[PDB]
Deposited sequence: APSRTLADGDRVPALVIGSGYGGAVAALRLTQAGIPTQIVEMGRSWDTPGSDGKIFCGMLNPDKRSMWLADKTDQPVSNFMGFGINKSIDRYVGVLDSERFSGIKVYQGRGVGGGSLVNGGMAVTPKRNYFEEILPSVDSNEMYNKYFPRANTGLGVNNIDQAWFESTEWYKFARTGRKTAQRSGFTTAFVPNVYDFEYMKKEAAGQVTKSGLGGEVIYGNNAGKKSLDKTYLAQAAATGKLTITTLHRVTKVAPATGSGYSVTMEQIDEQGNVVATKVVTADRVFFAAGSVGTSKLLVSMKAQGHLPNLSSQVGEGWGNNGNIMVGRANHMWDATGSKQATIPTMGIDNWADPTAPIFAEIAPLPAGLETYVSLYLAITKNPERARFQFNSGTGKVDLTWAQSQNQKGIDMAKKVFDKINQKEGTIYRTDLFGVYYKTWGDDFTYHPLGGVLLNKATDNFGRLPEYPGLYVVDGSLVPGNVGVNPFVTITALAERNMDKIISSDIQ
């Protein structure tokens, strides 16, 4: 664990997708690497003997330093309860800005701990439009495959999918989508589907078939600590320091960068502060975490020479959640896997460009609800800005900016409602139909080739690199983590061969 006064060759801030890629490639190149993570390592059993808590009866392990459990669905037939808990270094951070809540994973593995495991490669044509500076041949011939393979991506057995009661909700969602002319697609995942069959057979401990996902999975889900980070640790050159929040990065005297961090206990109390010197720093604190850091450092005069583009172009991957009421003959089932495997792909339609996951609502009883999380091609963006008064970084995103996304989603769902003669639910979230006040997919803030060079370097400060979701221009049209991993793979390849 890092100590005040230490000097290290390479320091990776954060341990999500970008961080895990940076750590693996650096250590394989033989460079001793330190990861600093603000959350805890999730490899120690809790009170009940399990590492993570489930969603039906969550405890303090659920939330990052909060007083109530939380998720988008709110108090709906027993699901999504807001129970009082003690402040603890739990796994899911519902980080509130003025116009949006940004859900983020905290701990060794970052968002991989809490996400739905959906591993989607973006459409080449859209990729080529939004990231024109990137050689797409390299991406599709090499980096995307490298990412999918490293992540442990696999596909569900389609025959098993058709027969199992656990995916009845997905079959119902497929049926009504197709009746209205919409294309559906299976979605690859890092959840071990062979393990899932055994869960269904009652031969192994249930996780995905046991009400677990958003506060972690005790089995089945291949989070980064089981893949990239395990491989990085196998080199013998990785050190992970947990419960340390990086608060400041500034040029050190002579060379390198002073990195200030707050050590916290498991209740979130700062117990000590340390400053270490690093020759190279890799920002992988996430779209929000890295943007807040760099926007603060620039505003407070620590890295005053950073680009004017730092803080610009944040987006929410057009996230909109909605639920529809099925008629009684279209039940969705009392047994629902927590891992989505199917989506509605309408991205090609210029008038309603959305890719919607058919999401489970694993309440354990028949609700007749079809739930969807839509990625819409919402052009709206926002920026982070340092608030002098408060000393905090604000996000200028306004909830009204989700209106364009709702209009796009509505074009698809209104058509299905018209065909099926159904209405939307208005009770899943305060009498609101559209879940438009949160995102699971923060993207941007430090755009590739705008705030950084074409490989994620901050050119004004040699030795500083950005390798995470802050690089992505606000929207990729699909679940983001594969893109973040593949971009990180591309960047590390170049940086290691060119700079190191």
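- By the record, the deposited chain contains unmodelled runs at 1 to 4, 434 to 435, 507, with no C-alpha atoms placed there.
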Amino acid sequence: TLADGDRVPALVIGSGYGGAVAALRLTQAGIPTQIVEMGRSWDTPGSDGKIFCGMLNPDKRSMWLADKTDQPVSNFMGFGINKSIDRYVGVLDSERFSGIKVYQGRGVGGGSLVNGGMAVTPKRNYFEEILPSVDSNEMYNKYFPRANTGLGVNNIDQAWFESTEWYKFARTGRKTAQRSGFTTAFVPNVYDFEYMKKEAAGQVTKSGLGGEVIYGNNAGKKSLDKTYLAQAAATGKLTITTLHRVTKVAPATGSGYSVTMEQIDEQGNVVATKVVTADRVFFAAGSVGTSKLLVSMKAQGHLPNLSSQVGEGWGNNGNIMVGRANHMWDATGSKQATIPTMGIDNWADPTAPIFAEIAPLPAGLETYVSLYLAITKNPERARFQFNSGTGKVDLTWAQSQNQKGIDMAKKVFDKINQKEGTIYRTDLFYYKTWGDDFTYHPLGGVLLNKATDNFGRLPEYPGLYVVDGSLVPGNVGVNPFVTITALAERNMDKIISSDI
From here on, numbers count along this sequence of modelled residues.
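- Averaged over Cα atoms, the B-factor as recorded in the entry is higher for 195 to 203 than for the other of 239 to 247 and 195 to 203.
- Two stretches are in play, 123 to 131 and 185 to 193, and the higher mean C-alpha B-factor belongs to 123 to 131.
- Of the candidates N402, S98, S180, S287, the deposited coordinates give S98 the top C-alpha B factor.
- Of the candidates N305, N326, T260, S94, the PDB record gives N305 the highest C-alpha temperature factor.
- In this PDB entry, the Cα temperature factor of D48 sits in the top third of its chain's modelled residues, the highest group.
- In this PDB entry, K392 carries a Cα temperature factor that places it within the highest third of its chain's modelled residues.
- Looking at the C-alpha B-factors along this chain, the one for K221 belongs to the lowest third.
- Ranked by Cα temperature factor within the chain, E420 sits in the lowest third according to the deposited record.
- Sort the modelled residues of the chain by CA B factor and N346 lands in the middle third.
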